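Residues per chain are reported as follows:
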Amino acid sequence: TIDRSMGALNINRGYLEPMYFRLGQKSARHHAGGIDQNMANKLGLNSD
RNA sequence: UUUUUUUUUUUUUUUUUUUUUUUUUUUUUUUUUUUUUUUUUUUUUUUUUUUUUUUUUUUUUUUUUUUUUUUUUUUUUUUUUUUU
């Protein structure tokens, strides 16, 4: 989902586990914005 | 200055009780009976040079004021009278 070039890789292995693959797909976009610990204090970043 | 008061008068031996009387061995149980190897998976397949900009153009002396003018001696009071 993140790297466009990544996806031409061949990953048709026997331990794909699509359920965890789907969760990763949802993690990139549908999970959340993902704001990590901010050294700079952005108090108005809720709308950001 | 001083003027009062300021000894003593009771009670204060003793009378009970104070040995002992129960109980105080023992009576169960107390081996063991399962299970206890193993059977998957486990190489790799993307991307990964570069393409902009990047000298300078202003201003930048000075113009005022800046001596002084008053006042500045003194004028009271200031022993004692009781009691103890």
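So, how was this worked out
- Within every chain, numbering proceeds from 1 in written sequence order, not necessarily in step with the numbering of the entry, and residues without coordinates do not appear.
- Throughout, the order in which chains and ligands are written sets their labels, letters from A for the former and numbers from 1 for the latter.
- A larger assembly contains the chains shown, yet all values here describe just the shown part.
- Side-chain measures here rest on the full set of heavy atoms in the structure, leaving out hydrogens and waters.
- Residues with missing side-chain atoms are left out of burial classes, side-chain pairs and their counts.
- One heavy atom within 4 Å of a molecule or strand is enough for the residue carrying it to be called near that molecule or strand.
- Pairs of N or O atoms within 3.5 Å make up the polar contacts considered here, provided that, within protein, one atom can donate a hydrogen while the other can accept it, and that residues adjacent in sequence are counted only when both atoms are side-chain atoms.
- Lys, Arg, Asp and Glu make up the charged group, whereas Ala, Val, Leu, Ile, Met, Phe, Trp, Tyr, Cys and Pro make up the nonpolar group; the residues left over, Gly among them, are polar.

- As recorded in the entry header, the structure was determined using cryo-EM to a resolution of 3.485 Å.

## Brief notes about the protein's contact with RNA strand B
Link 1 in the chain: Around RNA strand B sit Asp3, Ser5, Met6, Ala8, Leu9, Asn10 and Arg13, and that is every residue in its neighbourhood.
Link 2 in the chain: Backbone sugar and phosphate groups make up 60% of those atoms of RNA strand B lying within 4 Å of the protein.
Link 3 in the chain: Take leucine 9: an N or O atom from its main chain is 3.4 Å from a sugar or linking oxygen of RNA strand B.
Link 4 in the chain: Take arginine 13: an N or O atom from its side chain is 2.8 Å from a phosphate oxygen of RNA strand B.
Link 5 in the chain: Here the surface near RNA strand B is composed, by residue class, of 3 nonpolar, 2 polar and 2 charged.

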